[PDB]
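> Residue numbers (the UniProt record's numbering), protein chains in the order written: chain A, 69 to 109, 121 to 482; chain B, 67 to 109, 121 to 482. Submitted below is the structure of interest, expressed as structure tokens.
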Amino acid sequence: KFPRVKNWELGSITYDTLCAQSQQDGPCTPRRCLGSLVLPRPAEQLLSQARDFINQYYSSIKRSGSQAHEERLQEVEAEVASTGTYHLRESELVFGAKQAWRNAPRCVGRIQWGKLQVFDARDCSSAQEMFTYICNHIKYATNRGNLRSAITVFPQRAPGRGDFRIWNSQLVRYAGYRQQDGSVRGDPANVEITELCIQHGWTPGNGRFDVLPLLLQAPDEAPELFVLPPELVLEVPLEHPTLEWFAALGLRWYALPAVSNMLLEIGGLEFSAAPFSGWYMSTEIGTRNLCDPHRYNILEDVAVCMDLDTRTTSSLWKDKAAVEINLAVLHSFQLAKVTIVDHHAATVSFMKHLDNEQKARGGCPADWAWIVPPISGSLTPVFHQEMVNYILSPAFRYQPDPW
Amino acid sequence: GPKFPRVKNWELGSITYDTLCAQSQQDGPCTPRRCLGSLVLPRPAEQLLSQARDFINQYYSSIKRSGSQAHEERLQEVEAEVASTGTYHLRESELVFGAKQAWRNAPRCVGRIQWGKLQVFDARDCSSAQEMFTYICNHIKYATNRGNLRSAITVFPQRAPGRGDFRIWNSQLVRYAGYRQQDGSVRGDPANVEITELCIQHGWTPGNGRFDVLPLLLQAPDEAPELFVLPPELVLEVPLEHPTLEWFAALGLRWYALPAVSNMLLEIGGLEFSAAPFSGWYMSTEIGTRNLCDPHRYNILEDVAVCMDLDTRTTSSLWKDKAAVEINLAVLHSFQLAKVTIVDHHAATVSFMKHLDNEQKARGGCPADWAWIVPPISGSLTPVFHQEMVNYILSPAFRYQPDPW
Ligand code: HEM
Ligand code: HEM
Ligand SMILES: CCN(CCc1ccc(NC(=N)c2cccs2)cc1)Cc1cccc(NC(=N)c2cccs2)c1
Ligand SMILES: CCN(CCc1ccc(NC(=N)c2cccs2)cc1)Cc1cccc(NC(=N)c2cccs2)c1
Ligand SMILES: C[C@H](O)[C@H](O)[C@H]1CNc2nc(N)[nH]c(=O)c2N1
Ligand SMILES: C[C@H](O)[C@H](O)[C@H]1CNc2nc(N)[nH]c(=O)c2N1
Ligand SMILES: [Zn+2]
Numbered sequence: 069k070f071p072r073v074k075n076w077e078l079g080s081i082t083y084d085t086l087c088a089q090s091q092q093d094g095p096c097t098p099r100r101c102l103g104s105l106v107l108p109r121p122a123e124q125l126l127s128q129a130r131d132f133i134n135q136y137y138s139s140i141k142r143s144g145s146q147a148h149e150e151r152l153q154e155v156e157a158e159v160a161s162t163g164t165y166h167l168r169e170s171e172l173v174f175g176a177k178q179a180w181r182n183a184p185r186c187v188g189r190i191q192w193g194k195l196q197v198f199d200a201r202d203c204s205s206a207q208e209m210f211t212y213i214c215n216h217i218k219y220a221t222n223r224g225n226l227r228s229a230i231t232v233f234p235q236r237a238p239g240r241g242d243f244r245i246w247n248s249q250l251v252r253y254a255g256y257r258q259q260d261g262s263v264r265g266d267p268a269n270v271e272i273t274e275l276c277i278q279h280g281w282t283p284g285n286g287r288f289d290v291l292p293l294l295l296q297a298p299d300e301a302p303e304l305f306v307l308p309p310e311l312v313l314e315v316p317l318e319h320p321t322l323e324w325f326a327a328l329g330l331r332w333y334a335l336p337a338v339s340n341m342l343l344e345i346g347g348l349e350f351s352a353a354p355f356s357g358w359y360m361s362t363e364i365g366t367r368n369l370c371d372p373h374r375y376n377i378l379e380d381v382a383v384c385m386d387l388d389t390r391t392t393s394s395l396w397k398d399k400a401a402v403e404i405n406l407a408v409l410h411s412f413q414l415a416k417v418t419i420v421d422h423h424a425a426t427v428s429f430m431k432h433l434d435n436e437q438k439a440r441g442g443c444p445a446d447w448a449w450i451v452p453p454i455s456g457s458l459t460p461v462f463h464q465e466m467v468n469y470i471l472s473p474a475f476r477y478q479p480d481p482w
Numbered sequence: 067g068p069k070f071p072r073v074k075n076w077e078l079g080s081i082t083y084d085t086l087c088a089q090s091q092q093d094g095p096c097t098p099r100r101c102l103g104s105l106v107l108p109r121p122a123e124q125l126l127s128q129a130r131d132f133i134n135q136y137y138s139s140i141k142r143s144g145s146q147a148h149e150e151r152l153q154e155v156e157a158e159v160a161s162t163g164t165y166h167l168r169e170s171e172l173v174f175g176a177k178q179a180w181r182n183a184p185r186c187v188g189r190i191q192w193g194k195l196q197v198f199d200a201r202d203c204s205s206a207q208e209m210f211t212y213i214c215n216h217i218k219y220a221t222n223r224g225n226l227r228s229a230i231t232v233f234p235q236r237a238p239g240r241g242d243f244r245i246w247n248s249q250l251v252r253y254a255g256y257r258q259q260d261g262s263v264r265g266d267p268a269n270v271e272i273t274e275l276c277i278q279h280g281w282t283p284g285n286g287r288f289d290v291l292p293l294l295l296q297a298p299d300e301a302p303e304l305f306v307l308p309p310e311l312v313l314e315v316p317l318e319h320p321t322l323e324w325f326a327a328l329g330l331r332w333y334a335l336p337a338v339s340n341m342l343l344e345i346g347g348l349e350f351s352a353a354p355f356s357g358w359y360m361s362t363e364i365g366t367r368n369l370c371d372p373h374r375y376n377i378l379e380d381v382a383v384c385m386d387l388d389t390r391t392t393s394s395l396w397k398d399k400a401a402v403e404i405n406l407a408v409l410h411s412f413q414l415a416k417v418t419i420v421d422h423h424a425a426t427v428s429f430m431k432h433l434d435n436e437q438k439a440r441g442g443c444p445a446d447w448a449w450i451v452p453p454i455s456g457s458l459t460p461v462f463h464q465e466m467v468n469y470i471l472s473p474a475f476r477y478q479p480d481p482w
């Protein structure tokens with residue numbers, strides 16, 4: 069049955085019919101809902128995903144049923160039948176990557192989905208070559224602060240060999256040094272990748288914001304270390320518009336969010352290295368990366384500097400310091416002329432995206448827990464919006480760490 | 067290893083498995099194809126008897142006499158009663174256990190650390206609307222307790238074959254009127270426009286303030302509902318002021334002390350208690366964020382931001398977030414000064430994490446609805462944001478039921 073989806077702020081109702089196109093089960097059953105969980109627990124097969132994807136592509140260019148369309152299905156069928164796999168055309172890759180982004184339930188920035196620079200790096204044959212492509216991507220996407228969404232697609236997985244992989248989770252990550260007494264200097268999210276880099280020969284620094292080298296792996300070979308040229312990594316020193324001491328914290332963040340550990344699936348084909356980037360929403364830095372207790376955890380230091388009463392939850396010291404930290408992020412990115420979006424503007428644009436998608440496809444897969452921001456939830460319109468979560472393909476998926 | 071949902075806390079890195087979810091006899095709204103966890107309201122003798130047996134088994138376990146002669150006699154008692162009457166009745170101690178178990182079972186409630194501390198008023202002898210009113214007044218007096226709030230539920234007679242239901246028409250025992258204006262806007266609380274107009278259709282003379290307490294519309298079986306005005310001195314309110322912003326008091330904002338939900342159905346062993354109002358105390362974000370700042374509620378964010386001299390013309394000033402924080406602080410400071418029990422969202426969520434741990438050991442899981450448990454401001458500043466949760470329906474339960482009109 070198609071779900072009724074209600075907006076509680078405005079009282080309007082839509083029906084999601086797009087969900088009938090989901091050929092892939094999520095974690096929930098009628099007995100229990102597992103929607104808040106972060107992670108999940121042959122020829123005819125590939126051939127049906129492939130045909131379905133070819134159909135999606137030709138439909139998008141309005142040329143369904145054409146000679147072009149029928150001949151491409153035969154190509155795909157001939158290639159699978161003989162070889163057990165096939166290959167996308169550049170234009171199909173481009174359509175498939177944009178559609179994977181369109182389809183991502185956890186992304187609040189999908190209003191932008193049509194505007195994606197696609198770099199084809201399927202002719203890559205060494206870690207060395209991956210490095211060059213990654214540098215060009217960083218260069219293109221950063222654009223001196225006028226950030227532009229981009230994805231670089233490396234060669235697909237193949238039955239008879241190891242995957243191309245970027246070991247780092249982002250192209251830009253700060254090091255995390257474990258002390259002999261369990262504590263962390265830097266970003267505790269990155270302790271494990273930091274130790275991998277050292278163990279593969281990297282000379283470590285000892286500051287709070289040391290940029291990591293990349294560990295890049297060509298099929299069935301040990302990964303290789305590649306330091307990014309400092310000029311390629313744009314960073315933003317953080318200051319506050321009115322609190323002078325805030326700059327004295329020595330806080331900074333990188334401009335470019337570039338996810339490099341997800342698998343891109345198109346038409347049954349899987350791209351194990353396909354790093355993508357856009358721009359940040361301020362709460363990702365301001366709230367999560369700087370205030371999570373298991374991240375940089377700076378809320379207490381900011382509260383002391385602000386002279387808040389830290390001894391009781393009911394002074395709302397956490398809330399006040401978080402807000403100022405998020406304001407600092409926005410102010411500093413704006414001063415540095417680096418693209419960023421606040422959570423109000425971002426969620427307003429997502430509401431427009433939902434409406435666009437309702438008209439265009441009869442629904443939009445969205446994961447409420449990830450779309451609603453991590454401060455000021457009900458102050459944004461997405462909090463009051465019901466949403467339906469399901470897996471469409473093309474898709475960005477999680478995959479195992481390669482070590 | 068374990069064939070049960072794996073539940074992770076991403077802050078602490080710890081893992082549990084929910085085995086309680088196996089005791090669920092009732093489907094939620096989700097399927098393998100699509101998750102509907104974010105939807106607010108997604109859409121016979123042997124049936125009764127099996128619900129009844131299960132509940133009686135739950136009761137006897139709770140007092141550690143599973144399989145005893147007292148247990149097998151009670152089962153026989155219940156089937157005999159259903160056999161001859163089509164229904165059955167709860168012993169007093171069974172009603173008490175079942176009302177606490179329903180609270181304990183409520184996936185949307187963050188206050189469940191307190192579940193064992195509930196005063197159960199048994200009003201199953203009530204036979205008129207006038208008498209419901211007396212019971213409700215007594216409930217309010219007990220629960221309010223001059224500011225030192227005490228959790229309580231009052232249980233009216235269960236649904237009976239043919240005979241009409243006891244119903245309270247109001248969604249809460251205390252609600253502010255919402256008066257639709259000529260210009261199409263609302264004075265008072267827009268959530269209550271419908272109950273306000275029903276009160277007027279039923280003979281209430283309306284006021285015209287922003288905070289007029291509504292009368293109760295109480296319905297006894299097969300009768301038109303009757304109207305009762307709460308004695309003003311029974312409805313404790315808290316005027317709002319801010320600890321440092323001296324002008325906030327000039328806004329004339331207020332909220333009532335006692336949140337008492339009155340339109341939910343309490344189901345125990347298949348029995349249906351259609352009138353069963355319950356009350357605890359507020360978490361401060363219900364007032365300061367949702368009630369006062371929702372755009373479809375009092376919607377005061379812009380007014381407060383203007384008094385704070387914020388830049389309301391641009392989202393990136395964070396004017397909304399700063400105003401909301403101060404409004405929340407005013408709510409906490411004002412309740413505190415008035416000595417009325419309230420809990421802030423940090424203290425509530427921390428205590429809910431303790432609840433989760435207690436329930437892991439006691440029952441092997443805790444049904445919880447993440448979207449409702451995470452507070453509406455400062456989500457990820459609370460420990461519940463980082464905690465995975467498995468949502469499912471256990472019984473006894475508090476359920477939604479259609480409006481009586
Ligand atoms: C253009 C600006 C964009 C903004 C502001 C944005 C915003 C976000 C945010 C805030 C998240 C949640 C991230 C987190 O909590 O860690 C996210 C998730 C995601 N976005 Fe975007 N997005 C943008 C562009 C893109 C692009 C270009 C892609 C891919 C081509 C993409 C795909 C994703 C995916 C796959 C996720 C989910 C990651 C996961 O499940 O762990 N987004 N987006
Ligand atoms: C002891 C103090 C308590 C606190 C701080 C508290 C907190 C809350 C909060 C914040 C909500 C969400 C309300 C909303 O967003 O509108 C809630 C929901 C709920 N609580 Fe409590 N709770 C308390 C006691 C109780 C008691 C005594 C009961 C019943 C015996 C109860 C049963 C419920 C139920 C059934 C819901 C779900 C409402 C719905 O789905 O519409 N809680 N609780
Ligand atoms: C895949 C990693 N995401 C973050 C991805 C991400 C997506 C988007 C952004 N932000 C952006 N604005 C953009 C990035 C790229 C385009 S826009 C930032 C990060 C978080 C995540 C999801 C699921 C599981 C995990 N896993 C973990 N946290 C683990 C730690 C140790 C073992 S597993 C992490
Ligand atoms: C049943 C009403 N709940 C809120 C109940 C509630 C529970 C708890 C509290 N707060 C408390 N702290 C307590 C109250 C009692 C004990 S603790 C306040 C309110 C909200 C809700 C949920 C689902 C649907 C609706 N209904 C609707 N909004 C509508 C339907 C049709 C038109 S409007 C309302
Ligand atoms: C347990 C819970 O699902 C988890 O903390 C989620 C909640 N919402 C999120 N939302 C976003 N955007 N990013 C996240 O990492 C998370 N974490
Ligand atoms: C659409 C969404 O489910 C809805 O706005 C929910 C979200 N979480 C909530 N959480 C609580 N505690 N109370 C609510 O009314 C809601 N509303
Ligand atoms: Zn679900």
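Ideal Cβ placement from N, Cα and C applies to all residues, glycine included.
Quick check on residue 373(B): buried or exposed, where buried means 16 or more other Cβ atoms within 10 Å of its Cβ?
When all chains shown are included, residue 373(B) counts as exposed.
> Run through DSSP, which three-state label would residue 316(A) get?
Residue 316(A) falls in the strand class under three-state DSSP.
> Can you tell me whether residue 178(A) sits near ligand 3, meaning its C-beta is under 8 angstroms from at least one heavy atom of the ligand?
No.
> Closer than 8 angstroms to a non-hydrogen atom of ligand 6 - does that hold for the CB of residue 464(A)?
Within the cutoff, so yes.
> Looking at C-alpha atoms only, which residue of 76(A), 294(A) and 289(A) is the closest neighbour of residue 266(A)?
Of 76(A), 294(A) and 289(A), the residue nearest in Cα terms is 289(A).
> Along the chain, where does the beta strand (DSSP E) containing residue 352(B) start, and where does it finish?
Neither: residue 352(B) is in no beta strand (DSSP E) and is coded neither H nor E.
> Determine which residues share a DSSP beta bridge with residue 75(A) and list them.
464(A).
> What residues from chain B crowd round residue 447(A), counting only those whose CB sits closer than 8 angstroms?
What residue 447(A) touches in chain B: 103, 104 and 448.
> Quick check: is any heavy atom of ligand 7 less than 8 angstroms from the C-beta of residue 71(B)?
Residue 71(B) Cβ: outside cutoff for every heavy atom of ligand 7.
> Could you tell me whether the stretch 97-106 of chain A touches the stretch 459-476 of chain B, using the rule of 3 or more Cβ pairs below 8 angstroms?
Touching, yes.
> Give every residue of the same chain whose Cβ lies closer than 6 angstroms to the Cβ of residue 252(A), excluding the five residues on either side of it in the sequence, and list them in chain order.
Same-chain partners within the cutoff: 269 and 291.
> Beta-carbon of residue 463(B) versus every beta-carbon of chain A: anything under 9 angstroms?
Yes, residue 463(B) counts as interfacial toward chain A.
> Considering Cα atoms alone, identify which of 482(A), 370(A) and 449(A) is closest to residue 299(A).
Checking every option, the nearest Cα to that of residue 299(A) belongs to 482(A).
> Would you kindly work out how many angstroms separate the C-alpha atoms of residue 235(B) and residue 340(B), rounded to a whole number?
Answer to the nearest angstrom: the Cα atoms are 14 angstroms apart.
> Do residue 281(B) and residue 295(B) count as a contact pair if the criterion is CB distance below 9 angstroms?
Their beta carbons are not under 9 angstroms apart, which means residue 295(B) does not touch residue 281(B) by this criterion.
> Just checking, does the stretch 333-348 of chain B make contact with the stretch 272-279 of chain B on the three C-beta pairs under 8 angstroms criterion?
Segments in contact, no.
> Please find out if some non-hydrogen atom of ligand 6 comes closer than 8 angstroms to the beta-carbon of residue 106(B).
Result yes, Cβ under 8 angstroms from ligand 6.
> If you measure from the CB of residue 77(B), is any heavy atom of ligand 3 nearer than 8 angstroms?
Residue 77(B): no, Cβ never under 8 angstroms from ligand 3.
> Kindly list the residues whose CB is nearer than 7 angstroms to the CB of residue 240(A), restricted to its own chain and excluding five residues on each side of it in sequence; keep chain order.
Correct list, in chain order: 298 and 299.
> Taking a contact to mean a Cβ-Cβ separation below 9 angstroms, would you say residue 233(A) touches residue 212(A) in this structure?
Yes, these two residues count as a Cβ contact at 9 angstroms.
> Please determine if the stretch 317-330 of chain A and the stretch 214-226 of chain A are in contact, where contact requires at least 3 C-beta pairs separated by less than 8 angstroms.
Because the criterion of three Cβ pairs below 8 angstroms is not met, the stretch 317-330 of chain A and the stretch 214-226 of chain A do not touch.
> Counting only Cβ pairs nearer than 8 angstroms, list the residues of chain B close to residue 401(A).
In chain order: 455 and 458.
> Determine the burial state of residue 470(A): buried for a count of at least 16 other Cβ atoms within 10 Å of its Cβ, exposed for fewer.
That one is buried.
> For the candidate residues 325(A), 361(A) and 349(A), whose alpha-carbon lies nearest to that of residue 386(A)?
Checking every option, the nearest Cα to that of residue 386(A) belongs to 325(A).
> Candidates 430(B), 238(B) and 205(B): which alpha carbon is nearest residue 165(B)'s?
Nearest of 430(B), 238(B) and 205(B) to residue 165(B), Cα basis: 238(B).
> Could you please tell me which residues of the stretch 355-387 of chain A, in chain order, have their CB closer than 9 angstroms to any CB of chain B?
Against chain B - using a Cβ distance shorter than 9 angstroms - the residues of the stretch 355-387 of chain A are 361, 362, 366, 367, 370, 371, 372, 373 and 378.
> For a test of your reading of the model: does the CB of residue 453(A) fall under 8 angstroms from any non-hydrogen atom of ligand 5? Yes or no.
Under cutoff, so the answer is yes.
> What's the gap between the Cα of residue 382(A) and the Cα of residue 400(A)?
If I take the Cα positions, the gap works out to 6 angstroms.
> Can you name, in chain order, every residue of its own chain whose Cβ lies under 6 angstroms from the Cβ of residue 436(A), other than the five neighbours on each side?
443.
> Determine which residues share a DSSP beta bridge with residue 245(A) and list them.
Its beta-bridge partners are 295(A).
> Show which residues of chain A have a CB atom less than 7 angstroms away from the CB atom of residue 76(B).
Going along chain A in sequence order, the residues near residue 76(B) (Cβ under 7 angstroms) are 106.
> Which residues, in order along the stretch 240-263 of chain B, keep a beta-carbon less than 8 angstroms from a beta-carbon of chain A?
Correct list: empty, as no residue qualifies.
> Please classify residue 485(B): does DSSP put it in a helix, a strand, or coil?
No answer is possible for residue 485(B): the residues shown for chain B start at 67 and end at 482.
> Strictly below 8 angstroms CB to CB, what residues from chain A border residue 186(B)?
Those within 8 angstroms of residue 186(B) in chain A number zero; the least Cβ separation is about 16 angstroms.
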